[PDB]
file structure.cif (mmCIF, C-alpha atoms)
data_protein
loop_
_atom_site.label_atom_id
_atom_site.label_comp_id
_atom_site.auth_asym_id
_atom_site.auth_seq_id
_atom_site.Cartn_x
_atom_site.Cartn_y
_atom_site.Cartn_z
CA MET A 1 0.00 0.00 0.00
CA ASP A 2 1.16 3.61 0.45
CA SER A 3 3.87 4.36 3.06
CA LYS A 4 6.23 7.19 4.22
CA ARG A 5 6.63 6.46 7.99
CA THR A 6 6.90 9.60 10.15
CA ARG A 7 8.76 12.56 8.68
CA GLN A 8 8.52 14.17 12.16
CA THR A 9 7.65 12.65 15.58
CA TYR A 10 9.49 10.11 17.75
CA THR A 11 8.91 7.15 20.11
CA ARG A 12 10.88 5.45 22.91
CA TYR A 13 11.95 2.88 20.27
CA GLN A 14 12.77 5.55 17.67
CA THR A 15 14.75 7.59 20.20
CA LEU A 16 16.55 4.38 21.34
CA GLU A 17 17.61 3.63 17.74
CA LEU A 18 18.70 7.27 17.40
CA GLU A 19 20.60 7.06 20.75
CA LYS A 20 22.52 3.90 19.73
CA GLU A 21 23.58 5.77 16.56
CA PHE A 22 24.38 8.91 18.52
CA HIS A 23 26.85 7.16 20.84
CA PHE A 24 28.36 5.72 17.60
CA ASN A 25 28.59 8.99 15.65
CA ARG A 26 27.57 12.23 17.47
CA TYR A 27 27.80 13.61 13.90
CA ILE A 28 26.59 10.81 11.57
CA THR A 29 27.93 10.30 8.07
CA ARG A 30 25.36 11.59 5.56
CA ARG A 31 25.21 8.02 4.17
CA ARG A 32 24.41 6.58 7.61
CA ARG A 33 22.05 9.44 8.46
CA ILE A 34 20.17 8.80 5.16
CA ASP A 35 20.23 5.03 5.83
CA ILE A 36 18.85 5.44 9.36
CA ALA A 37 16.48 8.18 8.13
CA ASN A 38 15.21 5.64 5.56
CA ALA A 39 15.03 2.37 7.57
CA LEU A 40 14.34 3.92 11.00
CA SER A 41 12.06 6.35 9.12
CA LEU A 42 12.61 9.84 10.55
CA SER A 43 13.74 12.63 8.28
CA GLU A 44 17.30 13.80 7.52
CA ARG A 45 16.10 17.22 8.75
CA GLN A 46 14.79 15.72 11.97
CA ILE A 47 17.92 13.71 12.75
CA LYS A 48 20.11 16.74 12.05
CA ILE A 49 18.09 18.77 14.61
CA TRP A 50 17.90 15.83 17.12
CA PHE A 51 21.71 15.24 16.92
CA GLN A 52 22.36 19.02 16.94
CA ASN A 53 20.19 19.30 20.09
CA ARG A 54 21.61 16.19 21.73
CA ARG A 55 25.05 17.80 22.17
CA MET A 56 23.60 20.05 24.89
CA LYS A 57 20.58 18.03 26.11
CA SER A 58 21.31 19.25 29.64
CA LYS A 59 22.13 15.88 31.14
CA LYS A 60 24.12 14.32 28.28
CA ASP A 61 25.86 17.72 28.40
CA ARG A 62 27.19 19.29 31.59
CA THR A 63 30.07 17.08 32.68
CA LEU A 64 31.07 19.85 35.14
CA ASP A 65 34.92 19.77 35.13
CA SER A 66 34.50 16.29 33.67
CA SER A 67 32.57 15.04 36.75
CA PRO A 68 29.67 12.60 36.14
CA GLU A 69 26.86 15.13 36.84
CA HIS A 70 24.65 12.20 35.67
#

call {"tool": "encode", "arguments": {"input": "structure.cif", "output": "structure tokens"}}
result
Amino acid sequence: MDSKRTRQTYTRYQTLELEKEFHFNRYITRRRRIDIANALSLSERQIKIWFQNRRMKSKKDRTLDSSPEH
């Protein structure tokens, strides 16, 4: 039938798949980001913004003088 799977919007699963890429490549290769964006099904735009955000997502961020702020 038709398909297109979620250009925007996220789930625990989706975010998990994104997370296990993010710890791989905090900046993904465009190939991998396209691949993921295809198979995972969340847009290149989205994943750019998600990964761009993630950097400073105010927990995975503020290792205060490299301490585990956790």

call {"tool": "closest_residue", "arguments": {"input": "structure.cif", "among": "A:56, A:49, A:18, A:1", "to": "residue 35 of chain A", "atoms": "only C-alpha atoms"}}
result
A:18

call {"tool": "resolve_selection", "arguments": {"input": "structure.cif", "expression": "the PyMOL selection byres ((chain A and resi 17) around 12)", "output": "JSON, numbers by chain"}}
result
{"A": [10, 11, 12, 13, 14, 15, 16, 18, 19, 20, 21, 22, 23, 24, 33, 36, 37, 39, 40, 41, 42, 47]}

call {"tool": "axis_aligned_box", "arguments": {"input": "structure.cif", "around": "segment 19-27 of chain A", "padding_each_side": "6 Å", "output": "JSON"}}
result
{"center_x": 24.6, "center_y": 8.8, "center_z": 17.4, "size_x": 20.0, "size_y": 21.7, "size_z": 18.9}

call {"tool": "atom_distance", "arguments": {"input": "structure.cif", "atom1": "atom CA of residue 51 of chain A", "atom2": "atom CA of residue 67 of chain A"}}
result
22.6 Å

call {"tool": "closest_residue", "arguments": {"input": "structure.cif", "among": "A:58, A:6, A:53, A:43", "to": "residue 30 of chain A", "atoms": "only C-alpha atoms"}}
result
A:43

call {"tool": "atom_distance", "arguments": {"input": "structure.cif", "atom1": "atom CA of residue 63 of chain A", "atom2": "atom CA of residue 25 of chain A"}}
result
18.9 Å

call {"tool": "residues_near_point", "arguments": {"input": "structure.cif", "point": "(20.2, 12.9, 33.3)", "cutoff": "8 Å", "atoms": "all atoms listed in the file", "output": "list in words"}}
result
residues 58, 59, 60, 69 and 70 of chain A

call {"tool": "atom_distance", "arguments": {"input": "structure.cif", "atom1": "atom CA of residue 57 of chain A", "atom2": "atom CA of residue 5 of chain A"}}
result
25.6 Å

call {"tool": "closest_residue", "arguments": {"input": "structure.cif", "among": "A:61, A:66, A:38, A:50", "to": "residue 4 of chain A", "atoms": "only C-alpha atoms"}}
result
A:38
